[PDB]
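Convention: sequence-line order gives letters A, B, ...; per-chain numbering from 1. What you see below is based on every heavy atom in this structure, not just the backbone, and it leaves out hydrogens, waters and symmetry mates.
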Amino acid sequence: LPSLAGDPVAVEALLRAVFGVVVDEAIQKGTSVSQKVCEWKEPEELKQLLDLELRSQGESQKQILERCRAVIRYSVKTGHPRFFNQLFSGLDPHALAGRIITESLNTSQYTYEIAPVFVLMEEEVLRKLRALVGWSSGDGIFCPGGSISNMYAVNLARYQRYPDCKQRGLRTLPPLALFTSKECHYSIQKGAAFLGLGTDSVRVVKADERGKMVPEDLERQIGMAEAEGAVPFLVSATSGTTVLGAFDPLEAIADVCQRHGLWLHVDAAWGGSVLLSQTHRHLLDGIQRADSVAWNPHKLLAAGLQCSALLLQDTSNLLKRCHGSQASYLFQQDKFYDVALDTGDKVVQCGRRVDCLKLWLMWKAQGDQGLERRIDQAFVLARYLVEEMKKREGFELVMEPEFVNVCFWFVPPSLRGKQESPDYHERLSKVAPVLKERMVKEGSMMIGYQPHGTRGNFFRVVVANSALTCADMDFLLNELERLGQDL
Amino acid sequence: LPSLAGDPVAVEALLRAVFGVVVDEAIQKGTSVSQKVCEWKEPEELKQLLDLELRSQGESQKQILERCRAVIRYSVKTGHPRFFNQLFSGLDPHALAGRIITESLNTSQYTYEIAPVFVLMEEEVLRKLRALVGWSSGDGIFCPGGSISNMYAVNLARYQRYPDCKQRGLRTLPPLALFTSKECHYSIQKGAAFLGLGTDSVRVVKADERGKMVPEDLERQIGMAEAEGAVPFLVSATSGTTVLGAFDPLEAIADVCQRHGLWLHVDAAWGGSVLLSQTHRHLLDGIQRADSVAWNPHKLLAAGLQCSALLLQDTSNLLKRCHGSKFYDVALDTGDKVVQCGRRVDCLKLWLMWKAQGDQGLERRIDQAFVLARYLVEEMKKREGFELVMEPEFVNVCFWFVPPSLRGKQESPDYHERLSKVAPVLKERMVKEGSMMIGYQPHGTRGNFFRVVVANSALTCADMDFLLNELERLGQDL
Ligand SMILES: *Cc1c(COP(=O)(O)O)cnc(C)c1O
Ligand SMILES: *Cc1c(COP(=O)(O)O)cnc(C)c1O
């Protein structure tokens, strides 16, 4: 019987050819301002171009390389400087190098025995993240997304309060109440439903005109929950909301939590990266008082999806106690290394991706200093965009940004001066969808839009890509004016 | 203000050099029988070799490339033909090509707007997987591991029966009962605890001498739950257990489920890939009767961690209804189907390999793994000092090595206790030599035995001979 792994003359030839296409088309053309951010195709046309159906007979190297080219060609270039659609943008070359190594090594982040380098590396990465929060002791894990990080935090808080629920379930326990801002309630609600608490267990707290949770309303809602028979157990503050980029007042919220004996979770998936900035880290003042912090380096630090940590001040092996399986004890296992290093008991996953190397390698190249410089420059470019938009006709700022989320309407010539008509906001709301379609079909830029509060669709420009220059901000304004002129 | 992304000349030089190191050290040396499966280092020594501390100042390209070399050198080679430690092994070069492309395109599998190729590609992959289960329509998702797929299945079954739980929570429901085999993955219990049901809601059903759930005991446990006023709602059958590789009797289990109106989930994380084999797919006969199927192509098909699908017969958007909070059809977007928000692209690595291989190529590999597993069993029987746990149903070959000092001593009163200590010593020896890695574990009433998983597409008969010869050599003085 022959090896079915592949002709090894073919393997080197294949990977060399593929990496050539990746360098030319994904890494170089995909980050070049002279190329398109996206090549729009209607779903049915793209199906035709991709010939997707999986079938009986295989294909040749030539056929495979043509498919690789097509996949890259028609994919959105998220590393492109004019990709502003998400809370990630850019292609850090060291993070990419780390990703490529990780994929080549294909292991599970599980035991020192199958992942010795990564068991040690993850520990260091989590220790460093904890240091930036303000903790020199604690624990933590990587999770497959911040949404799941948030769920872990809720599960851990529930377990600390009611450890028997791990065996008996929560059905006979009192009603549990958790609290979060109106500006960040989606994964919290999804998580509450998944964990068996129900979305009704989530009490949504008022946010002020800057998008910040109101501590007086938090206190009010805690009292109302108690009056309805519930047991408050957790408050989830948000340090960097997804739309406005607002930062909750952590010191005041920590005070409320302390008064009521509640677990404080900080959802810093987006804003946590600001801890690298000496100039801007004050936005998270009080975060060291948290019981848990979610932080996604795959967002502002550009580590690559997914890179999402849950950080704890805990030193009681709460993760292992809460998530661990019951061990058998009939026969001694004589493991020849310190199995305290292993993380299988800390997670509800079994197999787990290595997410630490892409972050670690980039952090080795950049240092704290390089990552700080990038954060600070993003803040500068966001403020530059705001200042420049005020000088042009048509741009209406939603609010002054606290972070790098710049939110605004584009008012086209046909609506300029018509602010006091009865259907103005209704008409203005239809503008961003049309402009988005045009920029996408042109391939020149992508900006996200959404409605929020009592107002209709406005743009959210996220200023995150380390490649950005002032000229890119100028381009964005110039292009909106050009695409919007006939609206 | 300058770009802070990097000088393009420096970037190309870095990436070409990293790729060279990866090809030389991870892909070539990491899959060569002339090289070590692992280079064992004690944690303290490895910490010194890696200089991990994250610091204020950055480093040069030369320094970064040195670190890349060290990371690869001291990592375990899971593509190596003598890596037998897990339910994945081998390095498929098309899957790897797909992985690299995926990482270079770094997007979220969330909307057609930011992932147009991958939205369409994932639709095809899920269609194909459903087709192989036996469904021409249905739904499904990729999940960050089979453990999470299993949890989704439980959440979905709960929601289908008691949709108001999504808002009102478990306190407002009757006690719920779910059922799984004694041989099942510990993820069902972890999942039950996470979902708020408690591990006590999981009724563990007896398995027979072949490691298969006993349908008569499933029925008995359902009746006992009902007698207590618990509401049965889900049975989780296992098609390919992690230790023995046993396959539950799905037709008989589906009959019990049908009689009681229960959701049938099949945990085929491991065994689901056998659906590609005409010869062996009968091991999953009845799977088309399931409501949900978990299947991990990252295990037997070698797609790359993680590649874990949850497949549903449902066509009524149960996923979006259960988990949910334009110039194209928003039906293409998948964000409402998951409790994740951002989601990795996992389909391309599988799809590209499947394009290269076809069903035919993947089938040939599955069939060859069964042939090599049977070869290993037959050869082991011919040597002194191997005791088979059972005849394998799959590619999990489980056995003790009995060293010369214990041969003939089976009737001694402390034989099993002494024998149990052998696998740990052999494991330490093979790891420190760097020649092979085989997992061991105890089971039932007896102690540590080896589980050799025959999955790597590069395996030959000579590798199976090597394994036996090496255990004999390493165990001679025990
Ligand atoms: C992104 C984000 C999340 C969810 O993170 P995922 O990794 O996409 O699951 C949760 N909360 C906030 C504030 C976020 O910015
Ligand atoms: C692997 C496996 C699982 C868990 O899958 P992960 O992807 O490691 O979370 C569950 N059940 C069975 C039978 C498995 O083989």
Side-chain angles (χ1 to χ4, degrees), chain A residues 3-5 11 18-19 22 26 52 54 56-59 71 74-76 78 93 97 99 103-107 114 117 124 128 144-145 147 166-171 186 190 193-200 304-305 325 331 334 336 348-351 363-364 366-368 370 374 437 466-467, chain B residues 3-6 11 18-19 22 26 52 54 56-58 74-76 78 93 97 99 103-107 114 117 124 128 144-145 147 166-171 186 190 193-200 325 327 339-341 344 354-359 361 365 420 424 428 442 447 457-458:
Chain A
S3 153
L4 296 174
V11 165
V18 172
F19 197 63
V22 168
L52 289 167
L54 295 171
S56 183
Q57 297 179 355
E59 283 188 337
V71 165
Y74 300 113
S75 286
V76 172
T78 68
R99 295 170 207 164
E103 295 307 270
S104 83
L105 289 172
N106 193 48
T107 195
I114 63 163
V117 172
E124 166 57 23
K128 181 70 173 184
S147 296
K166 186 178 178 185
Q167 290 75 42
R168 303 180 196 163
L170 46 54
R171 66 182 306 281
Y186 292 125
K190 289 202 178 206
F194 202 71
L195 280 36
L197 295 157
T199 62
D200 289 351
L305 276 293
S325 297
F331 292 88
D334 296 305
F336 56 95
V348 299
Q349 291 183 290
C350 297
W363 208 316
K364 279 296 191 178
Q366 290 290 328
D368 295 340
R374 283 173 168 184
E437 185 171 3
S466 75
Chain B
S3 162
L4 296 173
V11 170
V18 169
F19 179 71
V22 166
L52 292 165
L54 293 174
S56 181
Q57 299 184 46
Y74 300 111
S75 289
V76 175
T78 70
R99 293 170 213 164
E103 294 306 272
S104 81
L105 293 172
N106 194 50
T107 193
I114 68 169
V117 173
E124 163 55 24
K128 182 71 171 183
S147 296
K166 182 182 182 180
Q167 289 79 38
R168 300 179 183 174
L170 286 169
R171 293 181 70 252
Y186 63 28
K190 291 208 179 195
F194 201 71
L195 294 172
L197 296 163
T199 61
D200 290 347
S325 291
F327 59 96
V339 297
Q340 292 184 289
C341 190
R344 273 187 62 83
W354 206 319
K355 282 298 194 177
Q357 287 293 325
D359 301 330
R365 285 172 167 185
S420 187
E428 185 177 358
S457 76

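- Contact tally against chain A (heavy-atom pairs below 4.5 Å) for B:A458, B:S104, B:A193: the top residue is B:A458.
- Only the side chain of B:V22 comes within contact range of chain A, with at least one heavy atom under 4.5 Å from a heavy atom of that chain.
- Interface residue B:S420: only side-chain heavy atoms are found under 4.5 Å from chain A.
- With chain A as partner, the option from B:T107, B:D200, B:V11 having the largest number of non-hydrogen pairs under 4.5 angstrom is B:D200.
- For A:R99 against B:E103, the heavy-atom pair with the smallest separation is NH1-O, 3.0 Å.
- Considering only heavy-atom pairs separated by less than 4.5 Å from chain A, the leading option among B:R168, B:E428, B:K355, B:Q357 is B:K355.
- Nearest heavy atom pair, residue A:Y186 against residue B:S325, reads CD2-OG, 3.6 Å.
- With a threshold of 4.5 angstrom between heavy atoms, A:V18 approaches chain B through side-chain atoms but not through N, CA, C or O.
- Checked against salt bridge (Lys or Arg N to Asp or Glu O under 4.0 Å), B:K128 has the following partners two or more places apart in sequence or in another chain: B:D359.
- When each of A:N106, A:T199, A:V71, A:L105 is checked for heavy-atom pairs under 4.5 Å with chain B, A:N106 comes out on top.
- When each of A:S3, A:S147, A:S325, A:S56 is scored by its heavy-atom pairs under 4.5 Å with chain B, the top score falls to A:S56.
- The aromatic rings of B:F194 and A:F194 stand perpendicular to each other, their planes meeting at an angle above 60°, with 30° marking the opposite boundary.
- Residues forming a salt bridge (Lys or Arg N to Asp or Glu O under 4.0 Å) with B:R365 (at least two apart in sequence, or on another chain): B:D92.
- Heavy atoms of A:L197 lying under 4.5 Å from chain B belong exclusively to its backbone.
- When each of B:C341, B:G145, B:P144 is scored by its heavy-atom pairs under 4.5 Å with chain A, the top score falls to B:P144.
- Comparing A:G196, A:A26, A:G370, A:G351 by how many heavy-atom pairs each has under 4.5 Å with chain B, the most go to A:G196.
- The greatest number of non-hydrogen atom pairs below 4.5 Å with chain B, out of A:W363, A:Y74, A:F19, is found for A:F19.
- The backbone N or O of B:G358 lies less than 3.5 Å from no partner atom in the side chain of A:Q57, so there is not a single donor-acceptor pair.
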